[PDB]
Amino acid sequence: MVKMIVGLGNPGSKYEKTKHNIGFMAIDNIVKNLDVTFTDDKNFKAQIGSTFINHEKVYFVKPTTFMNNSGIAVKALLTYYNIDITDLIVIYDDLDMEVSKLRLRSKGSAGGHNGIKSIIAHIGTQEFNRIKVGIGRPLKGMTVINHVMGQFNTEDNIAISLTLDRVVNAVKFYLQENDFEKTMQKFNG
C-alpha cells in the first residue's frame with residue numbers, strides 16, 4: 001500500500017552539485033516527471049512529496065538531516081507510517097562504479113558511504129532495495145570525502161542526465177509491478 005522512496009544527499013546550496021547529492025537529483029527528476037510537488041516537512045527533517053498511484057500512496061523523500069544522519073529520517077518515516085523495510089527504496093551514489101552507471105541491488109554493506117551506514121544502523125539491515133548511480137571510481141589514496149564532495153565533470157553532465165531519466169523509468173516500472181527483482185532484471189546491464 002505505502003511506498004517509501006528516499007534520495008540521499010545534503011541540504012544547502014553548497015552541496016547541490018556534489019556527486020554525493022545524486023540521490024537528491026534523482027528524486028527531483030522523479031517528482032517533476034510525476035507532477036509531484038515537495039513540501040519541507042514540519043514533523044520530519046526532510047522534503048517530502050507524495051501521491052496516489054492507483055491504490056498506493058508513494059512518498060518521495062529527500063532527508064535534510066545531513067547525509068550521515070539519513071538513517072534517523074528513514075527510520076522515523078518507516079515507524080510513523082508503519083512501513084516495513086521491504087517497502088523501501090534508497091537512491092544514492094555508488095562509491096565504486098564508473099560515472100553515470102546504473103545498478104539496482106537489494107543488498108550491500110556501507111562500504112564507506114556515510115548515508116548507507118546511517119541507514120543500516122537505524123533500520124537494522126543492509127537488505128533493502130537500492131538504485132545506485134555511479135559517480136566514478138576513487139583513485140588510490142583519495143579519501144571518501146573529497147571523492148564524493150567533488151562536482152561532476154562537465155563532459156559527464158549528459159550521461160548523468162540520461163541516467164537520471166532511466167531512474168525515473170525504473171521507479172515507474174517498480175511501481176507498476178510492485179516487484180524490485182523484476183525491476184532489477186528489467187534495468188540492470
# chains A, B, ... in the order shown; residues from 1 in each chain; ligands from 1

call {"tool": "select_by_dssp", "arguments": {"residues": "segment 43-124 of chain A", "states": "alpha helix (DSSP H)", "output": "list in words"}}
result
residues 70, 71, 72, 73, 74, 75, 76, 77, 78, 79, 80, 114, 115, 116, 117, 118, 119, 120, 121, 122 and 123 of chain A

call {"tool": "residues_around", "arguments": {"residues": "residue 131 of chain A", "least_positions_apart": "2", "cutoff": "12 Å", "atoms": "only C-alpha atoms", "output": "compact mmCIF listing (two decimals) with N, CA and C atoms, in the first residue's frame"}}
result
# COMPACT_ATOMS: atom_id res chain seq x y z
N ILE A 5 10.24 6.00 -0.98
CA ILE A 5 11.36 6.17 -1.87
C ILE A 5 12.29 7.35 -1.46
N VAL A 6 13.50 7.02 -1.05
CA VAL A 6 14.40 8.00 -0.46
C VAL A 6 15.60 8.29 -1.35
N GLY A 7 15.86 9.57 -1.57
CA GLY A 7 17.04 10.01 -2.32
C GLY A 7 17.97 10.67 -1.33
N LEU A 8 19.22 10.22 -1.28
CA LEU A 8 20.18 10.76 -0.32
C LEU A 8 20.99 11.95 -0.80
N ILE A 22 23.63 12.91 -5.73
CA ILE A 22 22.97 12.33 -6.88
C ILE A 22 21.57 11.82 -6.51
N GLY A 23 21.39 11.42 -5.25
CA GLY A 23 20.08 10.95 -4.80
C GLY A 23 19.05 12.06 -4.84
N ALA A 26 18.08 12.73 -8.35
CA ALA A 26 17.20 11.68 -8.85
C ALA A 26 15.77 11.92 -8.42
N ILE A 27 15.57 12.13 -7.12
CA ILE A 27 14.24 12.39 -6.58
C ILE A 27 13.61 13.59 -7.26
N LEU A 88 10.77 -0.12 1.09
CA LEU A 88 11.78 0.90 0.94
C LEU A 88 12.61 0.89 -0.36
N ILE A 89 12.84 2.02 -0.94
CA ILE A 89 13.88 2.17 -1.92
C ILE A 89 14.77 3.35 -1.61
N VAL A 90 16.06 3.16 -1.65
CA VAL A 90 17.01 4.22 -1.41
C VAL A 90 17.79 4.51 -2.69
N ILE A 91 17.85 5.76 -3.07
CA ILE A 91 18.54 6.12 -4.31
C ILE A 91 19.77 6.92 -3.90
N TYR A 92 20.92 6.57 -4.42
CA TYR A 92 22.18 7.16 -3.98
C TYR A 92 23.39 6.93 -4.91
N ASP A 93 24.47 7.58 -4.57
CA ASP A 93 25.72 7.47 -5.32
C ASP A 93 26.56 6.27 -4.91
N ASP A 94 26.87 5.39 -5.87
CA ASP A 94 27.72 4.26 -5.53
C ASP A 94 29.12 4.81 -5.55
N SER A 100 27.83 7.68 -14.00
CA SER A 100 26.55 7.52 -14.68
C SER A 100 26.08 6.07 -14.85
N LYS A 101 26.87 5.13 -14.43
CA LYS A 101 26.46 3.75 -14.47
C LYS A 101 25.25 3.46 -13.59
N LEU A 102 24.37 2.61 -13.99
CA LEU A 102 23.21 2.34 -13.20
C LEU A 102 23.11 0.92 -12.70
N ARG A 103 22.91 0.77 -11.43
CA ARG A 103 22.73 -0.52 -10.85
C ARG A 103 21.67 -0.59 -9.77
N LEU A 104 20.84 -1.60 -9.87
CA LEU A 104 19.85 -1.88 -8.90
C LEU A 104 20.27 -3.12 -8.08
N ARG A 105 20.28 -3.02 -6.77
CA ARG A 105 20.64 -4.09 -5.84
C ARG A 105 19.68 -4.16 -4.70
N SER A 106 19.65 -5.29 -4.02
CA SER A 106 18.76 -5.45 -2.87
C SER A 106 19.59 -5.68 -1.61
N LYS A 107 20.89 -5.40 -1.71
CA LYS A 107 21.83 -5.58 -0.59
C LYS A 107 23.15 -4.83 -0.82
N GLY A 108 24.08 -5.02 0.11
CA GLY A 108 25.39 -4.38 0.03
C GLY A 108 25.75 -3.65 1.31
N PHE A 128 18.01 -4.07 1.76
CA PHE A 128 16.94 -3.16 1.36
C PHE A 128 17.22 -2.73 -0.07
N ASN A 129 16.24 -2.33 -0.80
CA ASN A 129 16.35 -2.07 -2.16
C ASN A 129 17.04 -0.76 -2.47
N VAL A 133 23.70 5.08 -8.58
CA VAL A 133 24.21 5.78 -9.75
C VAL A 133 25.70 5.97 -9.52
N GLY A 134 26.52 5.58 -10.51
CA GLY A 134 27.96 5.60 -10.38
C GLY A 134 28.43 7.04 -10.43
N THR A 163 21.02 8.96 -17.26
CA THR A 163 20.86 8.00 -16.18
C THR A 163 19.72 8.35 -15.26
N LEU A 164 19.58 9.59 -14.90
CA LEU A 164 18.50 10.02 -14.04
C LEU A 164 17.17 9.80 -14.72
N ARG A 166 16.59 7.41 -16.69
CA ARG A 166 16.40 5.97 -16.57
C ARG A 166 15.91 5.58 -15.17
N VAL A 167 16.34 6.34 -14.16
CA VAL A 167 15.94 6.08 -12.78
C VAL A 167 14.44 6.36 -12.62
N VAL A 168 13.96 7.36 -13.33
CA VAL A 168 12.54 7.71 -13.30
C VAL A 168 11.73 6.52 -13.82
N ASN A 169 12.19 5.96 -14.93
CA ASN A 169 11.52 4.81 -15.54
C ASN A 169 11.57 3.55 -14.67
N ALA A 170 12.70 3.33 -14.00
CA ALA A 170 12.84 2.16 -13.12
C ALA A 170 11.83 2.25 -11.98
N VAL A 171 11.71 3.44 -11.41
CA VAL A 171 10.78 3.67 -10.32
C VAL A 171 9.35 3.41 -10.80
N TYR A 174 8.91 -0.25 -11.34
CA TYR A 174 8.82 -0.83 -10.00
C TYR A 174 7.42 -0.68 -9.42
N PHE A 180 10.68 -5.45 -7.00
CA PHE A 180 12.01 -4.90 -7.26
C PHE A 180 12.93 -5.85 -8.02
N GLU A 181 12.77 -7.13 -7.83
CA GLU A 181 13.55 -8.12 -8.54
C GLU A 181 13.33 -8.07 -10.06
N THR A 183 12.30 -5.46 -11.55
CA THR A 183 12.82 -4.15 -11.93
C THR A 183 14.33 -4.28 -12.15
N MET A 184 14.99 -5.06 -11.30
CA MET A 184 16.43 -5.28 -11.43
C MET A 184 16.72 -5.99 -12.76
N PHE A 187 16.14 -3.50 -15.70
CA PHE A 187 17.09 -2.39 -15.84
C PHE A 187 18.59 -2.61 -15.70
N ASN A 188 19.04 -3.68 -15.05
CA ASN A 188 20.49 -3.89 -14.92
C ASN A 188 21.17 -4.37 -16.21

call {"tool": "atom_distance", "arguments": {"atom1": "atom CA of residue 114 of chain A", "atom2": "atom CA of residue 150 of chain A"}}
result
15.6 Å

call {"tool": "residues_around", "arguments": {"residues": "residue 152 of chain A", "least_positions_apart": "4", "cutoff": "8 Å", "atoms": "only C-alpha atoms", "output": "NGL selection string"}}
result
:A and (17-19 or 135 or 156-157)

call {"tool": "select_by_dssp", "arguments": {"residues": "segment 11-103 of chain A", "states": "strand (DSSP E or B)", "output": "VMD selection string"}}
result
chain A and resid 18 40 46 to 53 56 to 63 88 to 94 102 to 103

call {"tool": "residues_around", "arguments": {"residues": "residue 63 of chain A", "least_positions_apart": "3", "cutoff": "10 Å", "atoms": "only C-alpha atoms", "output": "NGL selection string"}}
result
:A and (6-11 or 24 or 40-41 or 44-48 or 60 or 66-67 or 69-74)

call {"tool": "closest_residue", "arguments": {"among": "A:143, A:20, A:77, A:165", "to": "residue 116 of chain A", "atoms": "only C-alpha atoms"}}
result
A:20

call {"tool": "closest_residue", "arguments": {"among": "A:32, A:140, A:147, A:122", "to": "residue 95 of chain A", "atoms": "only C-alpha atoms"}}
result
A:147

call {"tool": "closest_residue", "arguments": {"among": "A:119, A:4, A:144, A:53", "to": "residue 80 of chain A", "atoms": "only C-alpha atoms"}}
result
A:4
